[PDB]
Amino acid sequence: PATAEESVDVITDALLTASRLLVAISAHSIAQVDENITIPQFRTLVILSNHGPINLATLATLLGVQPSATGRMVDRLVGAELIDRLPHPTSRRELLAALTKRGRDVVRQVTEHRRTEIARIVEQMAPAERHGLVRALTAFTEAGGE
């Protein structure tokens, strides 16, 4: 019970602090695996894990980046041996990007750190709060973007 109602402002403030705790969790996870990797780099890695081999055009669209800056960065990650480039089945031109075994290990290690840290925090919460938290973040995800 009950609450309520809750104003935008108090909901936003609570979500803001929650967002800092999730960044803390991510920072811990990313740094443990790769202390140098950037935001757009890791996002690229996750995209490829989630969608599998895709052309640079498609990658760029999902990244929200210009195709030109995507090529440069893909190349860096190729040099870090996290991404391979593959011929299309079969276009000219393109050209598809996919994770190396290494790229895959990066994404899965970061996830495993995140879930261990989350689990640790969740153990400290009452079962009813845990459930309420899933509800709260799901509702937020539903509302926008959406």
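The first residue of the sequence shown is number 1, and the count goes up from there.
When the mean C-alpha temperature factors of 74 to 82 and 88 to 96 are read from the deposited coordinates, 88 to 96 comes out higher.
As recorded in the PDB entry, 60 to 68 is the stretch of 28 to 36 and 60 to 68 with the greater mean C-alpha temperature factor. Ranked against the other modelled residues of its chain, the C-alpha B-factor of residue 139 as given in the entry falls in the lowest third. Among the modelled residues of the chain, residue 113 sits in the middle third by CA temperature factor in this PDB entry. Split the chain's modelled residues into thirds by C-alpha temperature factor. Residue 51 is in the lowest one. Ranked against the other modelled residues of its chain, the C-alpha B-factor of residue 128 as given in the entry falls in the middle third.
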